[PDB]
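Notes follow once the structure below has been shown.
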Amino acid sequence: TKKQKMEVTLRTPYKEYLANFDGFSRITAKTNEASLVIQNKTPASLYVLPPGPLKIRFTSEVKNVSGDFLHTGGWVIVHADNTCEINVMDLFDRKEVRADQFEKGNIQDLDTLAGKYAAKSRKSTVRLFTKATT
Amino acid sequence: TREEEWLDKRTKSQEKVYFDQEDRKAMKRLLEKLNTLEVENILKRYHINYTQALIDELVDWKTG
Amino acid sequence: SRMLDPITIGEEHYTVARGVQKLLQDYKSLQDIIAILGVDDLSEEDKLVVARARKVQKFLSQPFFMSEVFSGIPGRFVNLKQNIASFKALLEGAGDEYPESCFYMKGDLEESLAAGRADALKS
Amino acid sequence: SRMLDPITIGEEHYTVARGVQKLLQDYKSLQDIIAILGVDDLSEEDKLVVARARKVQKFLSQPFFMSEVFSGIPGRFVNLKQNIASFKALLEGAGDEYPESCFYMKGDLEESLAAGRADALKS
Amino acid sequence: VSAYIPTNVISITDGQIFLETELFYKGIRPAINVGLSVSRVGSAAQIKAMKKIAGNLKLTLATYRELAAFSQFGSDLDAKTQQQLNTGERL
Amino acid sequence: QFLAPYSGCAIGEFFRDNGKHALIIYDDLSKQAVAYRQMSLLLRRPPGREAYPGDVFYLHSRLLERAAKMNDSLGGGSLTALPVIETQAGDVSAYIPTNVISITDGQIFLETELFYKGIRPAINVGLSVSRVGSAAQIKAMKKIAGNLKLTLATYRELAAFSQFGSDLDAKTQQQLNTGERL
Amino acid sequence: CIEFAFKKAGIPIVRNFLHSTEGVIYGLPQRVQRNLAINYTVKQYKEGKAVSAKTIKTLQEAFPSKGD
Amino acid sequence: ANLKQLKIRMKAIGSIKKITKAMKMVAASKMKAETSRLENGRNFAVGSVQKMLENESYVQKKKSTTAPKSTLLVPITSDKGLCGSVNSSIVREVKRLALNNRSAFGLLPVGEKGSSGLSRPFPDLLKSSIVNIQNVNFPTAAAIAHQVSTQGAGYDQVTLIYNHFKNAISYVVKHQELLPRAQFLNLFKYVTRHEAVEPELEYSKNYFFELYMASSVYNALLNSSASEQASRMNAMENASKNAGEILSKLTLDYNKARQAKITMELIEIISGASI
Ligand SMILES: Nc1ncnc2c1ncn2[C@@H]1O[C@H](COP(=O)(O)OP(=O)(O)O)[C@@H](O)[C@H]1O
């Protein structure tokens with residue numbers, strides 16, 4: 001019928017970071033069209049986040065997490081009971097970005113209709129990550 | 001009641017299967033590495049595929 | 001052999017001798033685990049041990065003149081120099097590339113390599 | 001038994017006899033590994049031999065009239081024609097679906113099916 | 001065969017034919033164990049048409065006895081091994 | 001062949017009685033018992049286990065028991081014995097081996113498999129034991145010897161998993177590696 | 001573009017993230033690099049008909065597409 | 001009784017027990033790693049799509065409720081042999097469910113033992129399988145989920161058979177039921193409570209389908225992989241146990257034969273010495 005203030009769940013296939021958390025105050029991410037902001041009482045909605053940055057504010061500092069991450073891609077669902085879950089392929093902190101190590105053998109692509117979008121996305125993420133470091 | 005023979009056969013059997021495949025790869029690798037008569041020419045002119053056996057008979061037919 | 005002493009015979013001869021003995025001894029212990037798990041489940045280090053061990057074991061076979069009637073291959077004589085040099089090369093991995101089939105009933109390592117190349121052009 | 005030969009007795013009796021001997025003989029060659037580890041890891045074809053071997057082994061037992069006091073069950077007299085027909089259908093895979101317990105101390109193959117079928121009905 | 005009398009007789013005769021009880025009941029009749037049987041005369045007695053075919057026969061049967069174990073292992077079988085396994089079964 | 005051990009033993013007692021230290025080595029001691037057994041059978045004496053005489057045990061006792069450490073009163077001399085025995089199938093359950101082992105203090109068991117593996121000397125520390133132990137060693141060896149024995153003892157127990165080095169967890173493969181160094 | 005990559009081409013979302021990270025796999029820590037790995041085998045199942053090894057995982061190997 | 005033969009057979013059992021005991025150690029070591037990976041990846045996005053779909057009231061009103069006549073079975077088994085009875089259990093259950101009614105299941109197996117064991121009983125039914133998995137990870141599980149998606153179009157339902165790792169020593173077979181792609185899209189279009197405008201519905205419906213399918217596949221592999229190491233360790237323990245019992249029994253017969261040997265030889269010497 002209804003749920004308390006809010007609960008957020010950030011999970012990754014290889015590790016679970018927040019099974020359920022209530023201290024966070026706001027979430028902001030970048031979708032294909034534009035950047036969105038999910039917080040308490042956010043209505044029901046689905047989202048699909050490309051490999052962009054994910055920033056989340058914490059009222060109380062959480063150990064081992066910085067609050068600023070760059071995900072490789074994930075799904076987001078805001079259930080009817082005022083609950084949002086973030087599931088990404090993988091997660092890491094900006095401090096471990098190790099920039100300038102890109103294009104190390106995977107530059108070659110195939111000239112096809114699918115390879116076109118493949119290169120298109122790869123270039124889009126490179127320009128994104130470079131900006132995310134700033 | 002002979003378990004020692006069971007292990008012995010299992011050893012020879014599996015080892016043979018494993019190295020038998022390796023023998024194939026070994027031949028292909030060494031062959032590729034090594035890669036890099038009157039009757040022979042006359043037949044090539046007619047662009048006819050000739051086997052080694054046929055070449056032998058023709059040579060024998062002339063000498064015989 | 002009582003003559004198997006590094007002082008009596010050349011140190012190189014003694015070294016190659018023990019190298020083969022240790023290789024075969026190690027391969028024998030692997031037979032137990034290979035029976036249940038197989039050669040695939042072994043490590044890269046053990047695989048090379050079993051590989052060279054089999055080639056050396058089969059290479060020990062030598063056809064002699066008295067065995068022609070049974071096998072049908074003419075006998076062959078191997079010198080001491082060619083003998084030590086042949087096994088010494090196998091211990092270093094000179095023949096690890098070629099199949100283990102050619103290292104069977106051969107006199108010298110060169111004869112095995114020539115037979116290996118002949119089988120290639122044949123197929 | 002010297003009487004066991006294709007020419008003296010009917011050829012069918014000879015085939016059924018070797019069928020059971022070959023079945024149990026193959027199963028006997030695997031009892032060693034079956035003891036160390038179960039039959040789950042055993043191959044499918046070999047599992048079928050083991051499974052059917054248990055059925056035949058249990059069916060061999062039958063109660064005797066003189067031993068009726070020991071076991072407490074009435075003896076059974078199996079005719080030759082029923083004997084051959086009983087094992088012939090069992091080797092073909094007639095009563096393989098029923099549990100091996102229904103063949104324990106039975107006179108004829110049809111008797112075991114009645115017990116095996118009843119065991120399937122109650123459950 | 002490690003007993004006193006059998007050991008002596010084996011050393012006196014040239015060849016010996018070992019009979020196995022297992023092979024007999026598995027349908028292999030004559031139950032002959034080719035792995036142990038041997039003859040000093042060898043091919044010296046066989047006819048020309050026999051020596052040629054006899055030589056290859058021994059090698060084929062030798063391999064089949066080795067692959068017998070892998071049959072239980074199963075879970076895979078190479079194209080050639082299936083042929084050698086079947087070919088030996090025919091012999 | 002039966003008198004030679006006693007003959008040499010008497011020569012060692014000379015040094016022992018005079019206070020000097022001597023070392024006597026009986027090579028192929030087992031052959032002595034065979035020589036004595038031969039004389040027993042040819043004399044038609046009642047044969048015992050493995051055709052050996054009833055006093056085959058006593059034969060070796062009176063011999064080895066003469067090698068001892070005399071006190072300072074007689075001179076302080078000593079006589080060390082090192083009899084050799086050849087086991088047919090490496091089974092110490094035979095008649096003569098059990099006798100010589102029961103008479104001697106300890107036995108250094110040599111394995112043929114270890115020799116093939118390249119462990120020269122092929123000494124099997126598992127069966128090899130010394131009754132005197134650290135009492136004989138010098139004060140410097142006692143300490144390092146104690147720790148060394150324990151390390152090898154644990155390695156032999158873990159040796160059953162030597163082939164599985166990387167598969168096993170940490171803190172165990174290291175012990176395996178350490179034993180290999182020893 | 002994640003939307004048109006699927007509409008005008010049969011590129012699933014997962015394959016897109018793979019191609020996305022493909023150019024930055026080296027930039028990411030080794031922890032993530034070991035995660036981005038696909039290696040298995042597909043057999044068309046007769047006794048020995050076919051044995052396919054799926055290791056590319058970016059082209060029409062693991063996630064086929066219309067463009068390929 | 002020919003002590004030389006008995007002592008050789010005792011040596012063989014000793015080695016088997018040794019190697020059998022060692023495999024148990026590796027079985028426990030790998031089980032720890034799998035459980036560590038399972039505990040970290042478990043319940044990852046599982047039931048998420050199922051939950052929101054249930055929250056969609058309008059979807060339930062327009063939900064197409066029918067019984068799927070043709071379904072696809074994808075059993076999950078281990079590829080390495082001598083792993084325990086987990087593989088036998090899965091192949092046994094699918095055999096029952098399949099032998100009952102034929103031509104109503106595709107039976108796309110997973111795992112060498114699963115496919116090989118079901119090849120002979122069900123020929124011409126299973127056409128392809130997946131084996132020789134180097135490692136378990138979501139990208140791979142998606143590739144498998146994608147393959148099943150391509151093969152699921154022909155069948156009205158899809159279900160996965162795998163071992164559930166409930167305890168280190170208790171593994172119970174568990175099977176999930178997943179609807180195909182065609183049924184999912186027609187059901188997903190009804191979604192109206194949870195807005196999807198950042199990516200349009202035409203794209204979101206196909207994307208979240210992968211998440212719905214890969215999530216189940218990825219979770220199943222972990223449960224089965226953990227059960228493999230668990231059942232393997234237990235199997236080696238029972239095997240090493242039985243190996244020791246038999247080895248001890250032969251030791252008694254060896255000693256008994258040893259006494260008879262000394263007795264036989266000793267009487268021969270006495271018989272010759274008597275005359
Ligand atoms: N070099 C050989 N290669 C293959 N088979 C052999 C070879 N030598 C002997 N055989 C076989 O060994 C058997 C002879 O054994 P033999 O030398 O007489 O032993 P023994 O010394 O006890 O009499 C023959 O049947 C022969 O076919």
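A note on names: the letters A, B, ... follow the listed sequences, proteins ahead of strands, and every chain is numbered from 1.
- When side chains are defined from C-beta on, H:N234 does not count as touching H:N238, because their heavy atoms never get closer than 4.5 Å.
- Here the straight-line distance linking atom OG of H:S129 with atom CD of H:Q147 works out to 11.0 Å at 0.5 Å rounding.
- In this structure, A:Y14 contributes its side chain and G:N35 its backbone to a donor-acceptor pair below 3.5 Å.
- Partners of H:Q176 by side chain to side chain donor-acceptor pair (under 3.5 Å), not counting sequence neighbours, listed by chain and number: H:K174.
- The salt bridge (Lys or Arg N to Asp or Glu O under 4.0 Å) contacts involving residues 42-56 of chain C comprise B:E15-C:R54, C:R54-C:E100, where partners must be two or more places apart or lie in separate chains.
- A donor-acceptor pair under 3.5 Å is absent between the side-chain atoms of H:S29 and the main chain of H:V26, judged by distance alone.
- Both the sub-6.0 Å distance and the 45° axial angle are not jointly satisfied by B:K16 relative to the ring of B:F19.
- Side-chain contact, B:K9 with B:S13: no donor N or O sits under 3.5 Å from an acceptor N or O.
- Between the side chain of H:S240 and the backbone N or O of H:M236 there is no donor-acceptor pair closer than 3.5 Å.
- Residues that satisfy the ring-ring contact (aromatic ring centres under 6.0 Å, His included) test with H:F138, not counting sequence neighbours, are H:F44, H:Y218.
- Here the side chain of G:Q33 pairs a donor or acceptor atom with the backbone of G:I25 at under 3.5 angstrom.
- In this structure, the side chain of H:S231 does not engage the main chain of H:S227 through any donor-acceptor pair within 3.5 Å.
- The stretch residues 167-182 of chain F participates, sequence neighbours left out, in no salt bridge (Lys or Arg N to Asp or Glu O under 4.0 Å) pair at all.
- Between H:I161 and H:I76 there is no side-chain heavy-atom pair separated by less than 4.5 Å.
- Contact of the F:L152 side chain with the F:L148 side chain is registered, since non-hydrogen atoms from C-beta on lie closer than 4.5 Å.
- No side-chain heavy atom of H:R37 sits less than 4.5 Å from a side-chain heavy atom of H:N40.
- Listed by first and then second residue, the salt bridge (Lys or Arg N to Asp or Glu O under 4.0 Å) pairs that reach into residues 146-156 of chain F come to none, sequence neighbours excluded.
- Taking all atoms of both residues into account, the shortest heavy-atom contact from H:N132 to H:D79 is N-CB, 4.4 Å.
- Judged by distance alone, the side chains of H:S115 and G:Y45 do bring a donor and an acceptor atom under 3.5 Å apart.
- Residues satisfying the ring-ring contact (aromatic ring centres under 6.0 Å, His included) criterion with E:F70, sequence neighbours excluded, are E:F73.
- Rounding to the nearest 0.5 Å gives a distance of 9.0 Å between OG of F:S128 and CD of F:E111.
- Using a 4.0 Å cut-off between charged nitrogen and carboxylate oxygen, G:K43 and H:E112 count as a salt-bridge pair.
- Expressed to the nearest 0.5 Å, how far CD of H:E228 lies from CG of H:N163 amounts to 9.5 Å.
- Under the 3.5 Å distance criterion, the side-chain polar atoms of H:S116 are left unmatched by any main-chain donor or acceptor of H:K113.
- Looking at H:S170, its side chain never comes within 3.5 Å of a backbone N or O of H:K166 through a donor-acceptor pair.
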Quiz item: Are F:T154 and F:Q175 close enough, and set up right, to give a side chain to side chain contact (heavy atoms under 4.5 Å, CB included), and what steps lead you there?
Solution: CA-CA 8 Å; F:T154 302; F:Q175 300 180 358; 4.0 Å; yes
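- Summarising the local packing, CD of F:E157 is surrounded by 12 or fewer heavy atoms from other residues, nucleotides or ligands at distances under 6.0 Å.
- Of all the heavy atoms in G:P29 and A:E96, the pair that sits closest is CB-OE2, 3.1 Å.
- Looking at C:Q25 and C:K22, their side chains never bring a donor and an acceptor atom within 3.5 Å of each other.
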Less than 3.5 Å apart, which donor and acceptor atoms pair up between the side chains of residues 30-41 of chain C and the rest of the protein, not counting sequence neighbours?
| unit_1 | atom_1 | unit_2 | atom_2 | d |
| --- | --- | --- | --- | --- |
| C:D41 | OD1 | H:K80 | NZ | 3.2 |

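- With hydrogens and angles ignored, the 3.5 Å screen pairs no side-chain donor or acceptor of F:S162 with any backbone N or O of F:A159.
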Show me, pair by pair, the donor-acceptor contacts under 3.5 angstrom made by side chains of residues 3-19 of chain H, not counting sequence neighbours?
| unit_1 | atom_1 | unit_2 | atom_2 | d |
| --- | --- | --- | --- | --- |
| H:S15 | OG | H:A12 | O | 2.6 |

Quiz item: Given F:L110 and F:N124, is the side chain to side chain contact (heavy atoms under 4.5 Å, CB included) satisfied, shown in steps?
Solution: CA-CA 6 Å; F:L110 304 183; F:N124 187 336; over 6 Å; no
Exercise. Take F:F115 and F:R120 through the side chain to side chain contact (heavy atoms under 4.5 Å, CB included) test and state the conclusion after the steps.
Key: CA-CA 6 Å; F:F115 188 90; F:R120 282 66 170 274; 3.3 Å; yes
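- Inspection of the H:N219 and H:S216 side chains reveals no N or O donor paired with an N or O acceptor under 3.5 Å.
- Of the possible polar contacts, one joining the H:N255 side chain to the H:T251 backbone as a donor-acceptor pair under 3.5 Å is found.
- Residues C:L23 and C:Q57 have side chains not in contact (no heavy-atom distance under 4.5 Å, counting atoms from C-beta outward).
- A salt bridge links G:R31 to A:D90: at least one charged side-chain nitrogen sits closer than 4.0 Å to a carboxylate oxygen.
- In this structure, H:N167 contributes its side chain and H:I169 its backbone to a donor-acceptor pair below 3.5 Å.
- Residue pairs meeting the side chain to side chain donor-acceptor pair (under 3.5 Å) criterion with at least one partner in residues 82-95 of chain H, sequence neighbours excluded, are H:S78-H:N87.
- Qualifying salt bridge (charged side-chain N to carboxylate O under 4.0 Å, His left out) partners for G:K54, counting only residues two or more places apart in sequence or in other chains: G:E61.
- Side-chain contact check for G:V51 versus G:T41: some heavy-atom pair is nearer than 4.5 Å.
- Scanning both residues, H:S215 and H:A45, for their nearest heavy atoms gives CB-O, 3.8 Å.
- Remark: H:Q229 engages no residue in a side chain to side chain donor-acceptor pair (under 3.5 Å) (not counting sequence neighbours).
- Taking the side chain as every heavy atom from C-beta outward, G:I38 and G:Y40 approach each other to under 4.5 Å.
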Quiz item: Do H:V173 and H:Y162 pass the side chain to side chain contact (heavy atoms under 4.5 Å, CB included) test, and can you show the C-alpha distance, the side-chain angles, and the key distance before you say yes or no?
Solution: CA-CA 6 Å; H:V173 179; H:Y162 62 95; over 6 Å; no
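- Put simply, CD on F:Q173 and CG on F:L168 are 7.5 Å apart, with the number rounded to the nearest 0.5 Å.
- Defined by atom type and a distance below 3.5 Å, a donor-acceptor pair is present between the side-chain atoms of F:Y116 and F:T112.
- Scanning both residues, H:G41 and H:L222, for their nearest heavy atoms gives C-CD1, 4.5 Å.
- Distance check, rounded to the nearest 0.5 Å: NE2 of H:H175 to CD1 of H:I90 gives 10.5 Å.
- Atom OG of D:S29 and atom CD of B:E5 lie 12.5 Å apart (nearest 0.5 Å).
- Contact annotation: the side chain of F:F109 never approaches that of F:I123 to less than 4.5 Å [non-hydrogen atoms, C-beta and beyond].
- Pairs passing the salt bridge (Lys or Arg N to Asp or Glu O under 4.0 Å) check and including a residue from residues 241-253 of chain H, sequence neighbours excluded, read H:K241-H:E245, H:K249-H:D253.
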